[PDB]
Structures are given as C-alpha cells and as structure tokens.
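Presented below, as structure tokens, is a lone chain in the form deposited in one PDB entry.
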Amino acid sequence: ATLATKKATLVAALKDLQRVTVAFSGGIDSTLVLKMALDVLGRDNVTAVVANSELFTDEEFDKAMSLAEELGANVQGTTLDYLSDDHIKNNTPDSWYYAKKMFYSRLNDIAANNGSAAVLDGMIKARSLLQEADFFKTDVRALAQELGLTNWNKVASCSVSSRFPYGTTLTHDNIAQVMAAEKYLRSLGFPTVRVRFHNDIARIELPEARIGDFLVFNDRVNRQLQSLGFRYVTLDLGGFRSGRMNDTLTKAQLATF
C-alpha cells in the first residue's frame, strides 16, 4: 500500500467513529492520531486524555498537557493511583499488565461519559488506528511532516517500576527517592540514566561511553544520593542496558547469565 491509502483508511475509521477519546502520550504517534482525529472530526468530537500518576514524572505530565493543548484539542487530565493494585505496589513481573488494565479502564470510563465511540492509542505496526492502517515508523514520520507536525516529546519515559526489583514494595517515598536521584544526575549532563533501587544501595546505570567523563562527579553524586536516603551509592560496571554493546562472544555470555 501507499501512504495515501494508509491515510485513507485512517480517515475512514475516524469518520465512522464520529466521536473519539484519545490516549495522548505526547509522542509522535499519539500526536499524529490526535491531530488526525481533530482534523477529521473537529474539536468538539475529540477529547484528549493524559494520565498523571506516581510512577511517571510531573514534568512529563505537564509537557503532555501542553502538547495536547497546542494541537487545539480539548484536554482532560485524570489521576491514577496505581499503588492501590497489589500487583503494582509489590512489583510483580506482570505489574505492567495491571497498570495498563487500570489505565485503559479509566479511559473507557471517560469515553462512556463523554459519548465517544472508542478509545484510541498510538500503537503502530481500544483501537490503534495507525496500526490497523498498517502504519510503520517511516509512514508516521512522513505524514507528520506532511501535516506540519514538528513538536512532540522526543524522549519517551518508562514507569518508575523499572527501577525496582520484582518483589520490592514501591512506596511514595522510595519512588520520590529514585526520581530525585535520576533528576539530579540528568542535571549534571547525563540525560540517559537509571538509578536502580536496592533498598540501601543505589545502583546507577549510565551509558558506558559517558562513564569516563562522569568520574569528576563521583563524590558529589555519592553525597547527594546519600542525602536522598541511600546508604551506598554505586555505579554498575555493565552500564546502561548491559551486554548490548559487547563483542559477539561476551554478548552471548552476559545473555546466558
């Protein structure tokens, strides 16, 4: 298929849906879906929903709200207490699924009460219209430039649950602890970082190519994260996303581990 027919199929789904609620993350995919829904259905038939929670930063929430307002959409923030679900609070390995379940359950509630016919999300190759129309990554960038979309959150965040071992209980304080630690490291010029939480040990993951520059901050980072509540502040020798940059022989050894 061509981009023109991939765009066809998508206007057809929106025209048929009439009124929609869109899960808006601020990324290129949700930006394109939100912009196409606005273009095809008009401002009065689209409501953009951005989720706020303890497992995502306030900064990403504020940015997502401002991006959706920019597109000229009616935007609604909704607050989720993910920690009320025991799977999330005790970080079971399927915590991801119960968070998504609670997330989509609240969007469906919003959509039922605003008269929207469906919830739309960004997913590419609830209704993922881009993925139904066989949109690839190259197709989303082509139509975004085509429609003049230049602004979107370029950095996709994870759930802070990523920083805790399975079985570790998440609390309001340890979450804030991890997030303050990561925010401080980014302020020193390390935008890609993780502070992994191991109770009284902080284990920092950095891209290995920056480990060398970092040394000048060892003492400042050590004492700052200690005031955040950690007793031991450490640097993971494997780096961020360990094993990914290794030779063929030691990539199959780190992966077997």
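What we label the rigid core is the largest C-alpha set whose atoms superpose within 1.5 Å from one form to the other. One-based numbering along the sequence shown.
The form deposited in another entry exists for this protein as well; it is not shown, and the discussion that follows is about that form.
Taking 2 Å as the criterion, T57 does not count as shifted between this form and the one not shown: its C-alpha moves by less than this amount when the rigid core is aligned. In this overlay on the rigid core, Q18 has a C-alpha that sits less than 2 Å away from its partner position between this form and the one not shown.
Fitting the two forms on the rigid core leaves the C-alpha of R186 displaced by at least 2 angstroms between this form and the one not shown.
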